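Engineer:
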Amino acid sequence: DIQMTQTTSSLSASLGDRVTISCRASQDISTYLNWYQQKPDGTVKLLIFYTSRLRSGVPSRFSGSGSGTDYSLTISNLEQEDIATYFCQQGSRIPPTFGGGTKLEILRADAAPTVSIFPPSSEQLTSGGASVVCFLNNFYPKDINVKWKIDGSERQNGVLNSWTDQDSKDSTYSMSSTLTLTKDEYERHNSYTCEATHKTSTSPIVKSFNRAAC
Amino acid sequence: XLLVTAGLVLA
Amino acid sequence: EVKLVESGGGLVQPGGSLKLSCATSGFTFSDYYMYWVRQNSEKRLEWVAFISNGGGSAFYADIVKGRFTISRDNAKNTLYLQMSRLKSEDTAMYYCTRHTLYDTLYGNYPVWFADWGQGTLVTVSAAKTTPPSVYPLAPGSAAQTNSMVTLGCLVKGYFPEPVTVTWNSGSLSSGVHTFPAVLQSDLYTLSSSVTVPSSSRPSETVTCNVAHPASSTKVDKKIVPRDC
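Protein chains in written order, with the deposited numbering: chain L, 1 to 214; chain C, 501 to 511; chain H, 1 to 228.
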C-alpha cells in the first residue's frame with residue numbers, strides 16, 4: 001500500500017491563527033489526495049478532494065495545496081468550531097490509505113479547576129466497596145496532577161483518572177479521579193483529600209471530607 | 501457512466 | 001440531507017459472526033457505490049470493503065478477504081457486512097459511506113468516502129457482558145453555601161462499550177461532563193457530573209439515566225441528599 005505520514009499528531013493555536021496541517025506520501029500521488037474532519041464525537045465529513053478542491057458547505061477558510069508527495073491543509077482563521085482531528089487519505093492506488101491524524105487544540109487563557117470531592121454512596125458501601133470521586137472541572141491547560149491522601153499519607157494504588165476532550169464552546173478540559181477501596185479499608189480512616197496541582201495556582205487545590213464531618 | 505476507482509473517470 | 005445509519009455492533013467471541021446493516025435515506029441508493037471503513041482504539045482508519053450499486057462486484061481489503069462478505073438490498077435501502085471468523089483485531093467502530101463522482105473539466109474525480117454515517121462499535125472478546133452498577137454522588141455534609149451545586153453519577157464495572165449517560169433524559173445538558181471510560185481491570189468505569197443551581201436540587205429532582213444496551217440495562221438514579 002502507499003504510506004501516508006502526518007508530521008504532527010497534535011497542534012494548538014489561537015482563534016484567528018492560520019494553521020497548516022501537513023501530509024506526506026511515500027510516493028508521488030498525483031494530486032489525488034482528500035482531507036477529512038472527524039469531530040470530537042466520531043462524526044466525519046469530506047473537507048477537500050483532488051488536493052485543492054473544496055466541497056460545498058465547507059468554509060473558504062479551508063484551502064489545500066500539494067505536488068508529488070507533499071500536501072497541506074491551511075485553515076485561514078481558526079474558529080472555535082475547528083477543534084477536530086484532520087486526516088489525509090490518498091486515492092492514487094488501491095487500497096485508500098489514511099494518514100494518522102492531527103488533533104488540533106485551541107490555545108486559550110488559563111482557567112483554574114473547580115474541584116468537588118464526593119464521599120462513597122450508601123448503596124455502594126452496603127454492597128462492599130467504597131469509591132471516593134474527585135471532579136476537577138473546567139480548566140486550562142490540560143496538564144494537571146492529582147494526589148489522594150488518606151490521613152496524611154498519599155495513596156497511589158487503585159486510582160482511575162479520565163480527562164474529557166476540549167469543550168467545543170469554552171475550550172476547557174475536565175478531569176475525574178476515583179480512588180476505590182473496600183468498605184473495611186475505607187472505615188479504618190477518617191480524612192480523605194483530593195490534591196490538584198496545576199499552572200493557575202502556587203499552592204495545590206485541596207478538597208477534603210472527614211467521614212464524620214463528611 | 502459509473503466508474504469508481506482511482507484517478508479521472510469519464511462516463 | 002443524506003442519512004447513513006449503521007446498526008449491528010456488540011460483543012462477539014473470537015471465531016464468531018455478527019452482521020451489520022446500514023440504512024440509507026434521502027438519496028437513490030441504487031445509484032451509489034457503498035463502502036465500509038473502520039477505526040480502531042488507536043484512531044487509525046481502515047478501508048474494509050466496497051460493493052457496486054448493482055450488487056455485481058464486491059472488492060475486499062486483504063485482511064478481511066475470505067472472512068467478510070459485503071451485500072446490499074437495493075429494494076430496502078440497506079447495505080450489509082456479514083462478519084465471520086472474527087479476530088480481536090477486528091474490534092473497531094464500523095462506518096458506512098457512499099461514493100460521489102465530482103466534476104473536473106477533463107474527467108470525474110471519484111471520492112469513495114463522501115458521506116459517512118455515525119458508526120457502530122464491535123468489541124471481539126471472550127469476556128462475558130457485565131451490566132454497570134450505577135452510584136449517585138451527592139455533596140458532602142457541609143451545608144451548601146455555594147451558588148451552583150455539582151452532583152455526579154458513577155457507572156462502575158461494565159462490559160462491553162458503549163453506555164449512554166443522560167441527565168434528566170435530556171433536560172439537563174448545560175454543565176454536563178461525561179468522562180471517557182477507562183478499562184480498570186477487565187471492566188470499564190466512567191463518571192458524569194452536572195452543576196445545577198442551589199435553588200434547583202434538592203427542591204426539584206435530578207436523575208442520571210444510564211443505559212447499557214449489551215446487557216439490555218437502563219437504570220435511573222435519583223441522586224438524593226446525603227444522610228448522616
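Here a beta-carbon is modelled for each residue, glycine too, at the ideal position from N, C-alpha and C.
1) Identify the continuous alpha helix (DSSP H) that holds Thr189 of chain H and give its terminal residues.
2) Alpha carbon to alpha carbon, how far is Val122 of chain H from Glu81 of chain L? Give it in angstroms, no decimals.
3) Can you list, in chain order, the residues of its chain whose CB lies under 7 Å from that of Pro202 of chain H, leaving out five sequence neighbours each side?
4) Along the chain, where does the alpha helix (DSSP H) containing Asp184 of chain L start, and where does it finish?
5) Check whether chain L comes within 7 Å of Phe179 of chain H, counting only Cβ atoms and requiring the distance to be less than that.
6) Rounded to the nearest angstrom, what separates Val133 of chain L and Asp28 of chain L at their Cα positions?
7) Looking at the C-beta of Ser92 of chain L, does it have a partner C-beta in chain C at a distance below 7 Å?
8) Listed in chain order, which residues of the stretch 13-32 of chain L have Cβ atoms closer than 8 Å to some Cβ of chain C?
9) Spatial neighbours of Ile205 of chain L within its chain, please: C-beta separation below 8 Å, excluding the five flanking residues on both sides.
10) Which same chain residues end up closer than 8 Å to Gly26 of chain H when comparing Cβ atoms and leaving out the 5 residues on each side of it in sequence?
11) Ends of the alpha helix (DSSP H) at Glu123 of chain L?
12) Straight-line CA distance for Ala92 of chain H to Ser41 of chain H?
13) So within the stretch 80-158 of chain L, which uninterrupted beta strand (DSSP E) runs reach at least 3 residues, ignoring any that extend past its ends?
14) Check for me: the beta strand (DSSP E) holding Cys228 of chain H runs from which residue to which?
15) Whole angstroms are fine: how far does the CA of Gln39 of chain H sit from the CA of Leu187 of chain H?
16) By the three-class DSSP mapping on this structure, what secondary structure does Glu161 of chain H have?
17) Which of the three DSSP states is assigned to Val64 of chain H in this structure?
18) Tell me which residue opens and which closes the beta strand (DSSP E) that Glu6 of chain H is part of.
19) Threshold first: 3 residues or longer. Then list the beta strand (DSSP E) segments lying entirely within the stretch 109-142 of chain H, N to C.
20) Would a check of beta-carbon distances place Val44 of chain L closer than 7 Å to chain A?
Structural biologist: To lay it out plainly:
1) Taking the first residue of the third sequence as position 1, residue 189 of chain H is located at position 189. Segment 188-197 is the beta strand (DSSP E) holding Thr189 of chain H; no alpha helix (DSSP H) there.
2) Within the first sequence, residue 81 of chain L is the residue found at index 81, counting from 1. Within the third sequence, residue 122 of chain H is the residue found at index 122, counting from 1. Distance between the alpha carbons of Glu81 of chain L and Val122 of chain H is about 29 Å.
3) On the third sequence, position 202 is the one that residue 202 of chain H refers to. So the qualifying residues of the chain are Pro225.
4) Counting from 1 along the first sequence, the entry for residue 184 of chain L is found at position 184. Note, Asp184 of chain L: alpha helix (DSSP H), 183-187.
5) Counted from its first residue, the third sequence places residue 179 of chain H at position 179. It does; some Cβ of chain L falls within 7 Å.
6) On the first sequence, position 133 is the one that residue 133 of chain L refers to. On the first sequence, position 28 is the one that residue 28 of chain L refers to. Cα to Cα, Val133 of chain L sits roughly 53 Å from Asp28 of chain L.
7) In the first sequence, counting from the first residue as 1, residue 92 of chain L sits at position 92. So yes, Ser92 of chain L belongs to the interface.
8) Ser30, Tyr32
9) Stepping through the first sequence from its first residue, residue 205 of chain L is reached at position 205. Same-chain partners within the cutoff: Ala112, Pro113, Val115, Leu136, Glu195, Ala196, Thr197, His198.
10) As a working mapping, residue 26 of chain H is identified with position 26 in the third sequence. Contacts found: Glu1, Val2, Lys3.
11) Numbered from its first residue, the first sequence carries residue 123 of chain L at position 123. Where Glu123 of chain L is concerned, the enclosing alpha helix (DSSP H) stretches over 122-127.
12) By 1-based counting over the third sequence, the position of residue 92 of chain H is 92. By 1-based counting over the third sequence, the position of residue 41 of chain H is 41. Cα to Cα, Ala92 of chain H sits roughly 7 Å from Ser41 of chain H.
13) 85-90, 102-106, 114-118, 129-139, 145-150, 153-155
14) Walking along the third sequence from the start, residue 228 of chain H turns up at place 228. Looking at the DSSP string, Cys228 of chain H is not in any beta strand (DSSP E), and its letter there is neither H nor E.
15) In the third sequence, the residue the question calls residue 187 of chain H occupies position 187. In the third sequence, the residue the question calls residue 39 of chain H occupies position 39. For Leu187 of chain H and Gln39 of chain H, the distance between alpha carbons rounds to 21 Å.
16) For the purposes of this step, residue 161 of chain H is taken as the residue at position 161 of the third sequence. Coil.
17) Here residue 64 of chain H refers to the residue found at position 64 of the third sequence. Helix.
18) Translated into positions along the third sequence, residue 6 of chain H becomes position 6. First-last of the beta strand (DSSP E) with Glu6 of chain H: 3-7.
19) 120-124, 133-137
20) In summary, chain A is missing from the structure at hand, where the protein chains are L, C and H.
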